[PDB]
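In the entry's author numbering, the protein residues as written are 25 to 57, 59 to 238, 240 to 252, 254 to 290. Just so you know, even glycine gets a beta-carbon here, dropped at the ideal spot from N, CA and C. What follows is one structure encoded as structure tokens, with my remarks underneath.
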Ligand SMILES: O=C(Nc1cccc(-c2nnn[nH]2)c1)c1cc(-c2ccccn2)cc(C(F)(F)F)c1
Ligand SMILES: O=C(Nc1cccc(-c2nnn[nH]2)c1)c1cc(-c2ccccn2)cc(C(F)(F)F)c1
């Protein structure tokens, strides 16, 4: 079947010229709304949530792990390092790296999280351990954002990412203190006001993680606390056929607005 919401999302996608993927979980009733929910999309920096969460899981058995200093060398800097560049020839703790990766989208910080987990496959292994059979991280920053159409590397589906984001932030994939820390970090994101949040009523509270890459790829994954009702989890992924396409955060906002109107 095609619902009214799905037909609106299809119209939005048609006008946009690109390929749109949406997954909503409404935790009030556990119902789901999907659009291309089982197609693969490049995650780009939305993958930083999985890396930070994997380190939070490690910290459940190491009380001092988040305070461990990690060296930042000049050679570690990649292509977007607003926080890590201030620490070159010094150190950042794993908490600081997690916060920088999540709230500023720092790519050097992400690479330190990946290294702490033993490489991209350590992030995938954590995903499997929490029941996500779809997520795959194959590369480090910045090349995990190449976003080439048809490339399976560094992709997931909207359905899988919404389920995982729910388990991480609202369910029991992490210990209680770690879940709360992840939610605090997401709610303090600096990069998200033009994405999912721009399509929602202003009274609603949002924590989110954005992503973008080549092929005009523009992504956001969010946990949403609407005024007076149980939380929602929403994934909006968007990618375009030409390498040099411009970012389209407005398409994510428009998808979120359609979703909110259908509640
Ligand atoms: O840093 C970013 N993108 C990047 C980095 C390095 C090289 C190249 C590159 N290479 N060739 N063309 N661009 C592009 C980046 C872009 C954004 C954005 C904002 C507004 C509209 C579109 N996108 C937002 C954010 C953040 F972190 F604030 F969410 C980071
Ligand atoms: O690293 C990148 N982008 C980035 C960095 C940090 C934060 C965020 C972010 N966070 N939230 N939203 N965007 C995005 C990146 C961008 C590109 C690109 C090319 C052409 C046009 C646009 N982009 C290409 C590549 C590579 F290496 F794969 F070719 C990497």
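Secondary structure of residue 113 (DSSP, three-state): coil.
Checking the DSSP bridge columns, you'll see residue 245 partnered with 236, 264. Secondary structure note for residue 145: its alpha helix (DSSP H) is the uninterrupted segment 145-154. When secondary structure is reduced to three states using DSSP, residue 103 falls in the coil class, being assigned neither helix nor strand. Leaving aside the five residues that flank residue 274 on each side, the residues in its chain whose CB is nearer than 7 Å to its CB run, in chain order, 237, 242, 244. Within the same chain, and ignoring the five residues on either side of residue 108 in sequence, the residues whose Cβ sits closer than 7 Å to its Cβ are 125, 129, 131, 134.
In this chain, the alpha helix (DSSP H) harbouring residue 76 covers 73-84. One Cα belongs to residue 170, the other to residue 246, and the distance between them is close to 14 Å. Following the DSSP letters along the chain, one finds residue 94 inside the beta strand (DSSP E) bounded by residues 94-97.
Here the segment 222-234 makes contact with the segment 66-77; the two share three or more CB pairs at distances below 8 Å. Taken atom to atom, the span from the alpha-carbon of residue 151 to that of residue 120 is near 18 Å.
The C-beta separation of residue 262 from residue 186 comes to about 5 Å, placing the pair in contact by the 8 Å criterion.
Taking the Cβ atoms as the reference, residue 48 lies roughly 16 Å from residue 37, outside the contact range of under 8 Å. The straight-line gap separating the alpha-carbon atoms of residue 95 and residue 226 is approximately 40 Å. When secondary structure is reduced to three states using DSSP, residue 252 falls in the coil class, being assigned neither helix nor strand. Separation of residue 163 and residue 175 (C-alpha to C-alpha, rounded to the nearest whole angstrom) is 15 Å. Under a 10 Å Cβ-count criterion, residue 282 is classified as buried, with 16 or more other Cβ atoms of the shown protein chains found around its own Cβ. The beta carbons of residue 181 and residue 160 sit about 4 Å from each other, so the pair counts as a contact at 8 Å. Judged by the Cβ position, residue 132 qualifies as a neighbour of ligand 2 at the 7 Å threshold, a heavy atom of the ligand being closer than this. C-alpha of residue 290 to C-alpha of residue 110: approximately 43 Å in a straight line. When rounded, the separation of the alpha-carbon atoms in residue 104 and residue 39 is 32 Å. Going by beta carbons, residue 279 and residue 214 fall outside the 8 Å limit.
In this structure residue 148 is not in contact with residue 155, their Cβ atoms being roughly 11 Å apart against a cut-off of 8 Å. Between the C-alpha atoms of residue 259 and residue 229 there is a straight-line separation of about 11 Å. Counting along the chain, residue 284 sits inside the alpha helix (DSSP H) bounded by residues 276-289.
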